[PDB]
Amino acid sequence: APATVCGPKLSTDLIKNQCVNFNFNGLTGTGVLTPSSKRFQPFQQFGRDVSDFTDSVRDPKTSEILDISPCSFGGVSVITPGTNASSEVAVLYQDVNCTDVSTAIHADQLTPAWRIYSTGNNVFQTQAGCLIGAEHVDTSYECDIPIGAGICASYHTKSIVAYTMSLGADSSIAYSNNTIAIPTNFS
Amino acid sequence: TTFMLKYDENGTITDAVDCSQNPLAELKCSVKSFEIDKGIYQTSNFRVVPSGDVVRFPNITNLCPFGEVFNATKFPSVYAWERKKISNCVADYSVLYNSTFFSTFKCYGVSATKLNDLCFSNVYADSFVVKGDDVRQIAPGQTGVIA
Amino acid sequence: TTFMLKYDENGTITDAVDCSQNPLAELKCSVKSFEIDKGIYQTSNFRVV
Amino acid sequence: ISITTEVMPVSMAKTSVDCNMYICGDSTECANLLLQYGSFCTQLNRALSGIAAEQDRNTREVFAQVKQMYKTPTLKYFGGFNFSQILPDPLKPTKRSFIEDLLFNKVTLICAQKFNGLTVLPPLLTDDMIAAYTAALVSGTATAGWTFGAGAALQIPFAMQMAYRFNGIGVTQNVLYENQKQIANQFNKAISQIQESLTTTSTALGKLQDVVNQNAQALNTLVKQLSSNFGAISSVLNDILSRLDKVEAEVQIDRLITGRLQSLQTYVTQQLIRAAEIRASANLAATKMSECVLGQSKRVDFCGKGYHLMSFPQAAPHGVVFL
Amino acid sequence: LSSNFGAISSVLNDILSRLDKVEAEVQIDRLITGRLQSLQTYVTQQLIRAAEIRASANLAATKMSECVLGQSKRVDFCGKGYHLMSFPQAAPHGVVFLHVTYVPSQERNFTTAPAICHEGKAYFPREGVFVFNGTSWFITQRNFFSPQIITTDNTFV
Amino acid sequence: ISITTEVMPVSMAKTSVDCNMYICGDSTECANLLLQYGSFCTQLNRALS
Ligand SMILES: *[C@@H]1O[C@H](CO)[C@@H](O)[C@H](O)[C@H]1NC(C)=O
Ligand SMILES: *[C@@H]1O[C@H](CO)[C@@H](O)[C@H](O)[C@H]1NC(C)=O
Ligand SMILES: *[C@@H]1O[C@H](CO)[C@@H](O)[C@H](O)[C@H]1NC(C)=O
Ligand SMILES: *[C@@H]1O[C@H](CO)[C@@H](O)[C@H](O)[C@H]1NC(C)=O
Ligand SMILES: *[C@@H]1O[C@H](CO)[C@@H](O)[C@H](O)[C@H]1NC(C)=O
Ligand SMILES: *[C@@H]1O[C@H](CO)[C@@H](O)[C@H](O)[C@H]1NC(C)=O
Ligand SMILES: *[C@@H]1O[C@H](CO)[C@@H](O)[C@H](O)[C@H]1NC(C)=O
Ligand SMILES: *[C@@H]1O[C@H](CO)[C@@H](O)[C@H](O)[C@H]1NC(C)=O
Ligand SMILES: *[C@@H]1O[C@H](CO)[C@@H](O)[C@H](O)[C@H]1NC(C)=O
């Protein structure tokens, strides 16, 4: 219900900023405070969505209705070509929205937390995630290293090339009512 | 730092790899090799947290509601125990806890050190006077006794 | 009684289903839906003493 | 001449549960406590990453039988045979057929990332690239057919192509040109039944929807085990931390860890069995595109019910519908 | 085996040598159920890999039955092209088949027309295409240009 | 002309273990204790159904 005992800590101000260790009345979780359009009849003040985890909270001070997204996790995948071929930079995956990544590598919010990682220069939003070290190239060769959602990574001009893949090679044969093509030779 | 080491036929460390230097060396500790063929691999960490919100309810902020309760004089009997409601008051514990007034302090579910940090919607005090054997009997279970 | 509740986009209970009313409503709590296609389903209780 | 939908699932969801976020993600005292189970993370994760790696291997074995993409021909009236299945450009803004678009409807961007640690990875072959493939397979079937399977493709007019496919049945090449208008109208009525039948009856639904429902119910089982108690105080993991001071919590979190290991180890084992059931169904669809579509199958009751003339793949979601 | 599973140590003899079999029964049993659930994991993973290889051994059992012993009319099963024959080679834990294919390569355009009209009713080919090179009609099989003189027994009615 | 038996198994037993009766059937305090494992009955039962 609306709470009585505090066991007093000083209450800070809430922020829309991603990744806040939120401590409401009985929720020592962590995540992204974000205002939401959820209705909340006044005798309920925790929101749940499909399962165990609290999705949305009405704030105890200001009665503002806000939903919680978690700290934007995912798996890190890493493209490499041959280490004998090149020890040049393994380009990476963050399976996350990209601006949540770029605004957290310039600060220290990631915790695989690579040290000599002043990269990146390149940023995608391709459905598989967001490549960082890989370069967008408009041409389209063949799938070399699979990524997800139609793009494949490779090792061409020697940088690492990200590109939507061309399926084999585009071809052309002319349908005609009269001409047949039959082989004269075989291999 | 997690840290990979290559030993020799002699049994001497020839080469080492830091796990958190660059994502190539993250991979080398993941597949446990130094010469990796090609492709795409894994590691599953993300997102440490910069800031914290501790914004909890009380907009009235009284203090010490059970300063009356424990040091009250007239406690009733076992059959006619009184439940006293605590309303809108910041109950700071460890005034209660760390100074050992109590022969048997024993929590259930909650624990006394983090009993401060979490809020409660209402707390109730059930105050009555029993026997020393019945100190243990005020508990979940323990049905067959009389208290 | 076990008891099923349907919430809304508003977040208000629109319809509810008792689990132990009739075996159709036992099924609705079993497959967790209100509009069931066809076929044969399960629940595994029997025989109080 | 009747055509028959035969729906074959080739792939499933590429779900990869972030094992540490599932079991205990907001906590870091549990993640230290989870670490002493050795490699029941990172092998659990490596197991159903091997599943996700072969869901595109299943989709390349099926659809990439053709090497070079034959473009969609303009004159689609191939000797009476209508071909409303070969992806027209002006009427549809999307690049998929009218039968394919009727197939993508009869089932069931920025990241969301719910708390439970679950995700669905996107397939490496998009729906528009799968529809590009089956545009090339039908265009190769409508214009070339035969050496199209073997090597490079050789243009044969479609009346000359069908008559050679009657000649595989044993029925002579006389019987086509004697009845070519009647053969074509039985063909064009057949697709018009297929555009009518799989609009309402939900049969091409049936085998694919049983794949999608079986994955979505295995996810909803995995998610609801987070609300399972497993003999702890509460199913909520942060409530165990916030009121038990890490000396009593080590007894109660470990009951909740081994319960959530044994629900992940359950789920990944169920998915490895479903991966075998779909790889066996993708290898069967890899031969049906190899043998019904590219060649003609003397092999009876493999492609169709009757004697088999030809077949056409259609891009279905996580599957193939052969015609 | 080096996993702790909530015991004191992953080494099992260290649990025996310093816990006197009354405290050890609590700590060995945490280490037993961890090593059951790693064997029960492993054997279940191997039973799934056994099915994935029995399905690949049954496919190679047919490829030695049908590509090697016989000739396979079944297309894109043995080889890429039209299949002549195949040869198995002893590979370690596997077979490498050497599928000798046909793959017809060099082609030419040819005007064709079914059922040349000769003396009323036309003549459909007895397995031909009615190829037409420069100012002459012939019949060929449609995987190799071998022009034959058109006769009665090359056609029918 | 010789004929040859080729035997092919097509089906097996349709065993469906009544999960609550297996683990603890005569008891009802265990069935309450079994309930907090979520869906390790009724999914176990749904798997081999
Ligand atoms: C189709 O075949 C007929 C044969 O009578 C020919 O005259 C015509 O040019 C061909 N092409 C088209 C586009 O009709
Ligand atoms: C086929 O090509 C080969 C070279 O690949 C050539 O030597 C030969 O003369 C050609 N023709 C025939 C009929 O084999
Ligand atoms: C170490 O091993 C190398 C072989 O790699 C051998 O040549 C050398 O003599 C050994 N040295 C010692 C001190 O054992
Ligand atoms: C007390 O609550 C009101 C709304 O109920 C809010 O506007 C006010 O800011 C709160 N007091 C403090 C000190 O925040
Ligand atoms: C009761 O009074 C004593 C002083 O004699 C004090 O130390 C103790 O904290 C009080 N108990 C409470 C507030 O529960
Ligand atoms: C004991 O509790 C009191 C509560 O007033 C507080 O000073 C602190 O938590 C403890 N005191 C010391 C000296 O640790
Ligand atoms: C509830 O949602 C409906 C849409 O289903 C909308 O029309 C209506 O305005 C909403 N009412 C309130 C009070 O939010
Ligand atoms: C069937 O035939 C017409 C005429 O050849 C063609 O345009 C189309 O593919 C089909 N008709 C419709 C209405 O789609
Ligand atoms: C045959 O003719 C077509 C169109 O006239 C042309 O595109 C093609 O290159 C020619 N040759 C072959 C071998 O198909």
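One line per chain: the protein sequences are A, B, C, D, E and F, in this order.
Residues 506 to 662, 672 to 701 in the entry's author numbering are what the first sequence lists, from first letter to last.
Just so we're aligned, residue 260 is where the second sequence starts under the entry's author numbering, counting upward by one.
Just so we're aligned, residue 260 is where the third sequence starts under the entry's author numbering, counting upward by one.
Residues 702 to 809, 831 to 1045 in the entry's author numbering are what the fourth sequence lists, from first letter to last.
Just so we're aligned, residue 948 is where the fifth sequence starts under the entry's author numbering, counting upward by one.
Just so we're aligned, residue 702 is where the sixth sequence starts under the entry's author numbering, counting upward by one.
C-beta: ideal position from N, C-alpha, C; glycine also.
Below 8 Å on the Cβ atoms is my contact criterion, and I expect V808/D with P1039/D to pass it. Report the Cβ-Cβ distance as a whole number of Å.
Indeed, because the Cβ distance is near 5 Å, the residues count as touching under 8 Å.
Within the 7 Å Cβ cut-off, does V394/B reach chain D?
Judged by the 7 Å Cβ criterion, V394/B is not in contact with chain D.
Given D719/D, which residues of its chain have a CB within under 6 Å of its CB, disregarding the five upstream and five downstream residues?
The residues are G839.
Have a look at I1000/E and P1035/D and give me their C-alpha separation to the nearest angstrom.
Taking the straight line joining both Cα atoms gives about 28 Å.
Can you tell me where the alpha helix (DSSP H) with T856/D in it begins and where it stops?
Counting along the chain, the alpha helix (DSSP H) containing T856/D begins and ends at 849-865.
Assuming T743/F is part of the alpha helix (DSSP H), what are its boundary residues?
No alpha helix (DSSP H) holds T743/F; DSSP gives it neither H nor E.
Tell me the residue span of the alpha helix (DSSP H) that contains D976/E.
Where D976/E is concerned, the enclosing alpha helix (DSSP H) stretches over 971-1010.
Reducing DSSP to helix, strand and coil, say where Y738/F ends up.
Reduced to three states, the DSSP call for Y738/F is helix.
Taking the alpha-carbon of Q737/D as reference, which of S750/D, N721/D, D727/D, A748/D has the nearest alpha-carbon?
Comparing Cα-Cα distances from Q737/D to each of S750/D, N721/D, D727/D, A748/D, the minimum goes to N721/D.
Which one of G892/D, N907/D, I724/D, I878/D has the shortest CA to CA distance from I704/D?
Considering only alpha carbons, the answer is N907/D.
Can you pull the chain B neighbours of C720/D, defined as C-beta to C-beta under 9 Å?
Those are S303, listed as they occur along chain B.
Residues in its own chain within less than 8 Å of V1047/E by CB, not counting five upstream and five downstream?
Cβ within range, chain order: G1026, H1030, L1031, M1032, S1033, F1034.
Hey, how far is the Cα of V525/A from the Cα of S574/A?
About 10 Å.
Whose beta carbon lies closer than 7 Å to any heavy atom of ligand 4, going through the chain in order?
Listed along the chain, these residues meet the criterion: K566/A, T567/A, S568/A, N318/B.
Take every Cβ of the stretch 1003-1019 of chain D, pair it with every Cβ of the stretch 975-987 of chain D, and state whether three or more of those distances are shorter than 8 Å.
Because the criterion of three Cβ pairs below 8 Å is not met, the stretch 1003-1019 of chain D and the stretch 975-987 of chain D do not touch.
Nearest CA to the CA of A339/B: which residue from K390/B, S386/B, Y352/B, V369/B?
Nearest of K390/B, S386/B, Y352/B, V369/B to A339/B, Cα basis: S386/B.
Can you name, in chain order, every residue of its own chain whose Cβ lies under 7 Å from the Cβ of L734/D, other than the five neighbours on each side?
Closer than 7 Å at the Cβ level, and outside the excluded window around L734/D, lie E972, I975, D976, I979.
May I have the straight-line CA-CA distance separating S1019/D from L681/A, to the nearest angstrom?
Distance between the alpha carbons of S1019/D and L681/A is about 27 Å.
For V606/A, count neighbouring Cβ atoms within 10 angstroms of its own Cβ and tell me buried if that reaches 16, exposed if not.
Buried, by the Cβ-count rule.
Please compile the residues from chain D whose C-beta is within a distance smaller than 8 Å of the C-beta of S740/F.
Within chain D, the residues near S740/F are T943, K946, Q947, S950.
For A875/D, which residues in the same chain have their Cβ closer than 7 Å to its Cβ, ignoring the five residues on either side in sequence?
Hits under 7 Å: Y771, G862, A866, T869.
Taking any Cβ of chain C, which residues in the stretch 540-567 of chain A have a Cβ under 7 Å from it, in chain order?
The stretch 540-567 of chain A vs chain C, Cβ under 7 Å: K543, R544.
Kindly say whether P1061/E, judged by its beta-carbon, lies nearer than 7 Å to any beta-carbon of chain I.
Checking the listed chains, one finds no chain I in this structure; the protein chains it contains are A, B, C, D, E and F.
List, in chain order, every chain B residue whose beta-carbon is nearer than 7 Å to that of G579/A.
Neighbours of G579/A on chain B, chain order: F305.
By how many angstroms is the C-alpha of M713/D removed from the C-alpha of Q756/D?
Answer to the nearest angstrom: the Cα atoms are 7 Å apart.
Can you tell me where the alpha helix (DSSP H) with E1013/E in it begins and where it stops?
Careful: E1013/E lies outside any alpha helix (DSSP H) and carries neither H nor E.
Buried or exposed: where does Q877/D fall if 16 or more other Cβ atoms within 10 Å of its Cβ makes it buried?
It is buried - the Cβ of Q877/D has at least 16 other Cβ atoms within 10 Å.
Can you pull the chain A residues whose beta carbon is under 8 Å from the beta carbon of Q769/D, in chain order?
Under the 8 Å cutoff, chain A gives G682, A683, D684, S685.
Between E1054/E, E970/E, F1079/E, which lies nearest to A1062/E when the distance is taken from Cα to Cα?
Comparing Cα-Cα distances from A1062/E to each of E1054/E, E970/E, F1079/E, the minimum goes to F1079/E.
Excluding the five sequence neighbours on either side, which residues of its own chain have a C-beta within less than 6 Å of the C-beta of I995/D, listed in chain order?
Around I995/D: no qualifying Cβ.
Let me check you understand the geometry: is the CB of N330/B closer than 6 Å to at least one non-hydrogen atom of ligand 6?
No - ligand 6 has no heavy atom lying nearer than 6 Å to the Cβ of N330/B.
With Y771/D as the anchor, note down where its beta strand (DSSP E) starts and where it stops.
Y771/D -> beta strand (DSSP E) spans 769-771.
Please report whether the beta-carbon of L286/B lies at a distance below 7 Å from any beta-carbon of chain D.
Chain D, which has no Cβ nearer than 7 Å to the Cβ of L286/B, makes this no.
Quick one, which residues of the stretch 367-401 of chain B are near chain D if we go by CB-CB under 7 Å, in chain order?
Here the close residues are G368, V369, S370, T372, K373, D376, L377.
Run down chain F in chain order and give the residues with a C-beta less than 9 Å from the C-beta of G953/D.
Residues of chain F passing the Cβ test: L734, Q737, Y738.
What whole-angstrom Cβ distance do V601/A and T624/A have, given they're in contact under 8 Å?
Actually they do not touch by this definition, with Cβ atoms about 16 Å apart.
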